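To be precise, the following lines are data08.cif, and they hold mmCIF, C-alpha atoms and all ligand atoms.
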```cif
data_protein
#
loop_
_atom_site.label_atom_id
_atom_site.label_comp_id
_atom_site.auth_asym_id
_atom_site.auth_seq_id
_atom_site.Cartn_x
_atom_site.Cartn_y
_atom_site.Cartn_z
CA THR A 1 28.65 -94.92 -20.60
CA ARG A 2 30.86 -92.31 -18.96
CA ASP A 3 27.87 -90.77 -17.12
CA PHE A 4 27.96 -91.61 -13.39
CA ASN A 5 25.39 -89.05 -12.23
CA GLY A 6 23.01 -90.28 -9.60
CA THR A 7 22.23 -91.27 -6.06
CA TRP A 8 23.74 -94.73 -5.64
CA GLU A 9 22.54 -97.01 -2.86
CA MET A 10 24.80 -99.80 -1.63
CA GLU A 11 23.87 -103.31 -2.80
CA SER A 12 27.10 -105.21 -2.09
CA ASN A 13 30.29 -104.69 -0.07
CA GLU A 14 33.25 -107.11 -0.05
CA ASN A 15 36.53 -106.77 1.89
CA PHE A 16 36.06 -103.17 3.06
CA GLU A 17 37.94 -104.20 6.22
CA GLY A 18 41.01 -105.33 4.28
CA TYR A 19 41.17 -102.03 2.40
CA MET A 20 40.81 -100.00 5.61
CA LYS A 21 43.35 -102.13 7.47
CA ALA A 22 45.83 -101.68 4.61
CA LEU A 23 45.41 -97.91 5.19
CA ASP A 24 46.20 -98.48 8.90
CA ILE A 25 42.84 -97.03 9.98
CA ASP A 26 42.46 -97.14 13.74
CA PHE A 27 40.84 -100.33 14.97
CA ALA A 28 37.71 -98.86 16.55
CA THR A 29 36.92 -96.72 13.50
CA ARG A 30 37.44 -99.65 11.12
CA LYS A 31 35.28 -102.02 13.17
CA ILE A 32 32.40 -99.53 13.21
CA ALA A 33 32.87 -98.57 9.55
CA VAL A 34 32.81 -102.16 8.26
CA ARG A 35 29.31 -102.57 9.75
CA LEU A 36 27.72 -99.55 8.09
CA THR A 37 26.14 -99.06 4.70
CA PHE A 38 26.37 -95.74 2.89
CA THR A 39 24.98 -93.93 -0.12
CA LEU A 40 27.20 -92.47 -2.83
CA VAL A 41 26.01 -89.25 -4.51
CA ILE A 42 27.78 -88.29 -7.75
CA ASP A 43 27.21 -84.92 -9.46
CA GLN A 44 29.02 -85.01 -12.81
CA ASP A 45 29.26 -82.27 -15.47
CA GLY A 46 31.75 -83.26 -18.15
CA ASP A 47 35.16 -83.70 -16.53
CA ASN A 48 33.91 -82.14 -13.30
CA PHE A 49 32.90 -84.52 -10.50
CA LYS A 50 31.55 -83.88 -7.03
CA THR A 51 31.24 -87.11 -5.05
CA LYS A 52 30.04 -87.63 -1.50
CA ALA A 53 29.48 -90.86 0.41
CA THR A 54 27.44 -90.47 3.59
CA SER A 55 26.82 -92.92 6.41
CA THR A 56 25.32 -92.40 9.85
CA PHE A 57 28.90 -91.90 11.06
CA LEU A 58 31.80 -91.60 8.62
CA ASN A 59 32.18 -89.20 5.71
CA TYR A 60 33.76 -89.27 2.26
CA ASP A 61 33.74 -86.06 0.23
CA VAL A 62 35.89 -85.50 -2.89
CA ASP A 63 35.63 -83.16 -5.88
CA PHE A 64 37.88 -83.45 -8.91
CA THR A 65 38.34 -82.75 -12.60
CA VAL A 66 39.20 -85.66 -14.89
CA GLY A 67 42.75 -85.23 -16.20
CA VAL A 68 43.82 -82.63 -13.61
CA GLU A 69 46.17 -83.89 -10.91
CA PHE A 70 45.51 -82.54 -7.44
CA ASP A 71 47.27 -82.66 -4.10
CA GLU A 72 44.96 -84.37 -1.65
CA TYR A 73 44.98 -84.62 2.11
CA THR A 74 42.89 -87.67 2.95
CA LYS A 75 41.53 -85.95 6.03
CA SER A 76 38.98 -88.02 8.01
CA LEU A 77 40.10 -91.33 6.50
CA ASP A 78 43.82 -91.96 7.06
CA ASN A 79 45.24 -88.40 7.34
CA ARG A 80 47.81 -88.74 4.55
CA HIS A 81 49.00 -86.62 1.64
CA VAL A 82 48.73 -88.06 -1.88
CA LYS A 83 48.86 -86.75 -5.44
CA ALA A 84 45.50 -87.80 -6.90
CA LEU A 85 44.69 -88.14 -10.59
CA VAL A 86 41.44 -89.38 -12.16
CA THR A 87 41.42 -90.45 -15.81
CA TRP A 88 39.45 -92.60 -18.24
CA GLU A 89 40.50 -96.08 -19.37
CA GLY A 90 37.72 -96.68 -21.85
CA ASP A 91 34.56 -96.29 -19.77
CA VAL A 92 36.34 -97.15 -16.50
CA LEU A 93 37.12 -94.13 -14.33
CA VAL A 94 40.50 -94.75 -12.71
CA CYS A 95 42.02 -92.93 -9.77
CA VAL A 96 45.62 -93.22 -8.67
CA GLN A 97 46.58 -91.70 -5.32
CA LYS A 98 50.37 -91.38 -5.55
CA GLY A 99 52.12 -91.42 -2.17
CA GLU A 100 53.30 -93.66 0.61
CA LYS A 101 50.99 -96.61 -0.10
CA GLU A 102 51.48 -98.76 -3.18
CA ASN A 103 48.64 -99.57 -5.57
CA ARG A 104 46.40 -97.02 -3.85
CA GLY A 105 43.39 -95.68 -5.68
CA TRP A 106 40.11 -96.83 -7.15
CA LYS A 107 38.15 -97.77 -10.26
CA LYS A 108 34.49 -97.00 -10.97
CA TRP A 109 32.34 -98.19 -13.86
CA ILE A 110 28.73 -98.82 -14.87
CA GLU A 111 27.68 -102.38 -15.82
CA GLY A 112 24.01 -102.94 -16.63
CA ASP A 113 22.49 -100.12 -14.52
CA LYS A 114 24.75 -100.75 -11.48
CA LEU A 115 27.78 -98.76 -10.33
CA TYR A 116 30.87 -100.83 -9.45
CA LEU A 117 33.61 -99.47 -7.19
CA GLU A 118 36.96 -101.12 -6.58
CA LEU A 119 39.01 -99.56 -3.79
CA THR A 120 42.64 -100.66 -3.78
CA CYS A 121 45.52 -100.31 -1.32
CA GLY A 122 48.62 -102.50 -1.45
CA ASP A 123 47.45 -106.05 -2.13
CA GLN A 124 43.93 -105.42 -0.80
CA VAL A 125 40.90 -104.90 -3.03
CA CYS A 126 37.46 -103.91 -1.79
CA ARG A 127 34.55 -104.28 -4.22
CA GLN A 128 31.29 -102.40 -3.77
CA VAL A 129 28.18 -102.40 -5.96
CA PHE A 130 25.44 -99.77 -5.91
CA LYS A 131 22.00 -99.46 -7.50
CA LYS A 132 20.78 -96.16 -8.89
CA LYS A 133 17.89 -94.67 -6.92
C1 LIG A 201 35.34 -93.35 -5.85
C2 LIG A 201 34.65 -93.58 -4.57
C3 LIG A 201 35.35 -93.79 -3.44
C4 LIG A 201 34.78 -94.03 -2.07
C5 LIG A 201 35.70 -94.16 -1.02
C6 LIG A 201 35.25 -94.21 0.30
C7 LIG A 201 36.11 -94.22 1.40
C8 LIG A 201 35.63 -94.27 2.71
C9 LIG A 201 34.24 -94.31 3.00
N1 LIG A 201 33.73 -94.37 4.35
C10 LIG A 201 32.30 -94.59 4.61
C11 LIG A 201 31.49 -93.31 4.40
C12 LIG A 201 34.61 -94.21 5.51
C13 LIG A 201 35.11 -95.56 6.02
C14 LIG A 201 33.40 -94.30 1.86
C15 LIG A 201 33.86 -94.25 0.54
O1 LIG A 201 33.01 -94.25 -0.48
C16 LIG A 201 33.40 -94.12 -1.75
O2 LIG A 201 32.54 -94.07 -2.60
#
```
Target format structure tokens, applied to this file:
Amino acid sequence: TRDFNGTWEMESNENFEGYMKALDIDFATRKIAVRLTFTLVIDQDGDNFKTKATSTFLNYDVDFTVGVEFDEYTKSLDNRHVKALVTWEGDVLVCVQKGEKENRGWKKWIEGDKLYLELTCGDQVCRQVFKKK
């Protein structure tokens, strides 16, 4: 399936700290962020995605169109400029954030009712799993 619509509640989180440290996120923010769960809300209409991940503290809020590159300021996260592009590799949704950091981006896919997220920066991979509400 290429349909990621839903409210996705966090089931699993592995190595979020390594990903954030590879982005050089300030220590106090990273130490608080690694403790906190969050919910991922995806509104998808064709190529058009609105995604938002909300925790009691931090924010993640990105809208994009599959196949359309966009210049992105990463704002609240690590305050960097990247050229972001989201495409399909089969049923895996792949994002590359071209810029200073190597191997920066993510992959999302659905495997037996659960949403998998792999966040990558440099040699660090964070894996998260969510269940659909
Ligand atoms: C494709 C989904 C990406 C994604 C990336 C994220 C980056 C940072 C954060 N937080 C917690 C709200 C700040 C440390 C969350 C987040 O969720 C995602 O789904």
Using only C-alpha atoms and all ligand atoms, what does the table of chain A residues within 8 Å of ligand LIG 201 (chain A) look like, with each row giving the shortest atom pair and its distance in Å to one decimal, sorted by chain and ascending number, as a Markdown table?
```
| residue | atom | partner | partner_atom | distance |
| --- | --- | --- | --- | --- |
| A:20 | CA | A:LIG201 | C13 | 7.2 |
| A:29 | CA | A:LIG201 | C13 | 7.8 |
| A:30 | CA | A:LIG201 | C13 | 6.9 |
| A:33 | CA | A:LIG201 | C13 | 5.2 |
| A:34 | CA | A:LIG201 | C13 | 7.3 |
| A:36 | CA | A:LIG201 | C10 | 7.6 |
| A:37 | CA | A:LIG201 | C10 | 7.6 |
| A:38 | CA | A:LIG201 | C11 | 5.9 |
| A:39 | CA | A:LIG201 | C11 | 7.9 |
| A:40 | CA | A:LIG201 | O2 | 5.6 |
| A:51 | CA | A:LIG201 | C2 | 7.3 |
| A:52 | CA | A:LIG201 | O2 | 7.0 |
| A:53 | CA | A:LIG201 | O1 | 5.0 |
| A:54 | CA | A:LIG201 | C11 | 5.0 |
| A:55 | CA | A:LIG201 | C11 | 5.1 |
| A:57 | CA | A:LIG201 | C11 | 7.3 |
| A:58 | CA | A:LIG201 | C11 | 4.6 |
| A:59 | CA | A:LIG201 | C11 | 4.4 |
| A:60 | CA | A:LIG201 | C14 | 5.1 |
| A:76 | CA | A:LIG201 | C12 | 8.0 |
| A:77 | CA | A:LIG201 | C12 | 6.3 |
| A:95 | CA | A:LIG201 | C1 | 7.8 |
| A:106 | CA | A:LIG201 | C1 | 6.0 |
| A:107 | CA | A:LIG201 | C1 | 6.8 |
| A:108 | CA | A:LIG201 | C1 | 6.3 |
| A:117 | CA | A:LIG201 | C1 | 6.5 |
| A:118 | CA | A:LIG201 | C1 | 8.0 |
| A:119 | CA | A:LIG201 | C3 | 6.8 |
```
Identify, on the basis of only C-alpha atoms, every residue whose closest approach to residue 114 of chain A does not exceed 8 Å; exclude the query and any residue fewer than 6 positions from it along the same chain; express the result as an mmCIF file with C-alpha atoms, in the frame of the given file.
```
data_model
loop_
_atom_site.group_PDB
_atom_site.id
_atom_site.type_symbol
_atom_site.label_atom_id
_atom_site.label_comp_id
_atom_site.auth_asym_id
_atom_site.auth_seq_id
_atom_site.Cartn_x
_atom_site.Cartn_y
_atom_site.Cartn_z
ATOM 1 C CA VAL A 129 28.180 -102.400 -5.960
ATOM 2 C CA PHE A 130 25.440 -99.770 -5.910
ATOM 3 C CA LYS A 131 22.000 -99.460 -7.500
ATOM 4 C CA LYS A 132 20.780 -96.160 -8.890
#
```
Item to check | Contact residues around residue 21 of chain A with all atoms listed in the file at 12 Å, ignoring same-chain residues under 2 positions, as a PyMOL selection string | outcome: chain A and resi 15-19+23-31+33-34+77-78+120-126
Item to check | Between atom CA of residue 104 of chain A and atom CA of residue 50 of chain A, distance in Å (one decimal) | outcome: 20.1 Å
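You can rank A:14, A:43, A:100, A:9 by their closest distance to residue 65 of chain A using all atoms listed in the file, and at the top of that list sits A:43.
The shortest atom-to-atom distance to residue 13 of chain A, with all atoms listed in the file taken into account, belongs to A:127 out of A:48, A:96, A:127, A:90.
One finds atom CA of residue 11 of chain A at 26.5 Å from atom CA of residue 46 of chain A.
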Item to check | Point-to-point distance in Å for atom CA of residue 69 of chain A and atom CA of residue 7 of chain A | outcome: 25.5 Å
Next on the checklist: Residues near residue 73 of chain A, anyone? I mean within 12 Å using all atoms listed in the file, not counting same-chain ones fewer than 2 positions away, as a ChimeraX atom specification.
Outcome noted: /A:61-62,70-71,75-84,97-99
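In this comparison, which uses only C-alpha atoms, the residue of A:112, A:85, A:91, A:128 approaching residue 1 of chain A most closely is A:91.
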Every residue with an atom at most 8 Å from (28.4, -96.1, -17.9) (file coordinates; only C-alpha atoms) is what I'm after, so could you write them as a short mmCIF file (atom, residue, chain, number, x, y, z; two decimals) with C-alpha atoms, keeping the file's coordinate frame?
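This is the output file part_29.cif:
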```cif
data_model
loop_
_atom_site.label_atom_id
_atom_site.label_comp_id
_atom_site.auth_asym_id
_atom_site.auth_seq_id
_atom_site.Cartn_x
_atom_site.Cartn_y
_atom_site.Cartn_z
CA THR A 1 28.65 -94.92 -20.60
CA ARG A 2 30.86 -92.31 -18.96
CA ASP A 3 27.87 -90.77 -17.12
CA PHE A 4 27.96 -91.61 -13.39
CA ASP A 91 34.56 -96.29 -19.77
CA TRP A 109 32.34 -98.19 -13.86
CA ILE A 110 28.73 -98.82 -14.87
CA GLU A 111 27.68 -102.38 -15.82
CA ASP A 113 22.49 -100.12 -14.52
#
```
N, CA, C and O atoms modelled onto segment 112-124 of chain A, as a PDB file, in the frame of the given file:
```
ATOM      1  N   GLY A 112      25.428-102.665 -16.689  1.00  0.00           N
ATOM      2  CA  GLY A 112      24.010-102.940 -16.630  1.00  0.00           C
ATOM      3  C   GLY A 112      23.260-102.295 -15.469  1.00  0.00           C
ATOM      4  O   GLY A 112      22.717-102.994 -14.617  1.00  0.00           O
ATOM      5  N   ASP A 113      23.244-100.957 -15.452  1.00  0.00           N
ATOM      6  CA  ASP A 113      22.490-100.120 -14.520  1.00  0.00           C
ATOM      7  C   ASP A 113      23.111-100.003 -13.120  1.00  0.00           C
ATOM      8  O   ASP A 113      22.635 -99.196 -12.335  1.00  0.00           O
ATOM      9  N   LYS A 114      24.138-100.800 -12.807  1.00  0.00           N
ATOM     10  CA  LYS A 114      24.750-100.750 -11.480  1.00  0.00           C
ATOM     11  C   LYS A 114      26.132-100.094 -11.548  1.00  0.00           C
ATOM     12  O   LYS A 114      26.857-100.242 -12.530  1.00  0.00           O
ATOM     13  N   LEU A 115      26.460 -99.375 -10.471  1.00  0.00           N
ATOM     14  CA  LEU A 115      27.780 -98.760 -10.330  1.00  0.00           C
ATOM     15  C   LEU A 115      28.684 -99.696  -9.518  1.00  0.00           C
ATOM     16  O   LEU A 115      28.319-100.118  -8.408  1.00  0.00           O
ATOM     17  N   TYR A 116      29.830-100.029 -10.091  1.00  0.00           N
ATOM     18  CA  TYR A 116      30.870-100.830  -9.450  1.00  0.00           C
ATOM     19  C   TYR A 116      32.007 -99.929  -8.998  1.00  0.00           C
ATOM     20  O   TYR A 116      32.438 -99.029  -9.743  1.00  0.00           O
ATOM     21  N   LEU A 117      32.475-100.160  -7.782  1.00  0.00           N
ATOM     22  CA  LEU A 117      33.610 -99.470  -7.190  1.00  0.00           C
ATOM     23  C   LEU A 117      34.606-100.493  -6.697  1.00  0.00           C
ATOM     24  O   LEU A 117      34.252-101.431  -5.988  1.00  0.00           O
ATOM     25  N   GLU A 118      35.855-100.336  -7.106  1.00  0.00           N
ATOM     26  CA  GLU A 118      36.960-101.120  -6.580  1.00  0.00           C
ATOM     27  C   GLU A 118      37.911-100.171  -5.880  1.00  0.00           C
ATOM     28  O   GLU A 118      38.466 -99.277  -6.523  1.00  0.00           O
ATOM     29  N   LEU A 119      38.070-100.346  -4.581  1.00  0.00           N
ATOM     30  CA  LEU A 119      39.010 -99.560  -3.790  1.00  0.00           C
ATOM     31  C   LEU A 119      40.239-100.415  -3.559  1.00  0.00           C
ATOM     32  O   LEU A 119      40.122-101.562  -3.090  1.00  0.00           O
ATOM     33  N   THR A 120      41.402 -99.893  -3.860  1.00  0.00           N
ATOM     34  CA  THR A 120      42.640-100.660  -3.780  1.00  0.00           C
ATOM     35  C   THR A 120      43.652 -99.967  -2.876  1.00  0.00           C
ATOM     36  O   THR A 120      43.794 -98.742  -2.910  1.00  0.00           O
ATOM     37  N   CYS A 121      44.354-100.771  -2.076  1.00  0.00           N
ATOM     38  CA  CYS A 121      45.520-100.310  -1.320  1.00  0.00           C
ATOM     39  C   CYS A 121      46.463-101.524  -1.143  1.00  0.00           C
ATOM     40  O   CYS A 121      46.038-102.533  -0.629  1.00  0.00           O
ATOM     41  N   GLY A 122      47.703-101.346  -1.576  1.00  0.00           N
ATOM     42  CA  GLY A 122      48.620-102.500  -1.450  1.00  0.00           C
ATOM     43  C   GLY A 122      48.077-103.700  -2.202  1.00  0.00           C
ATOM     44  O   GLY A 122      47.707-103.608  -3.377  1.00  0.00           O
ATOM     45  N   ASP A 123      48.007-104.842  -1.526  1.00  0.00           N
ATOM     46  CA  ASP A 123      47.450-106.050  -2.130  1.00  0.00           C
ATOM     47  C   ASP A 123      45.990-106.278  -1.781  1.00  0.00           C
ATOM     48  O   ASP A 123      45.464-107.370  -2.028  1.00  0.00           O
ATOM     49  N   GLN A 124      45.311-105.280  -1.220  1.00  0.00           N
ATOM     50  CA  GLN A 124      43.930-105.420  -0.800  1.00  0.00           C
ATOM     51  C   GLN A 124      43.010-104.745  -1.805  1.00  0.00           C
ATOM     52  O   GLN A 124      43.280-103.644  -2.287  1.00  0.00           O
TER      53      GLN A 124
END
```
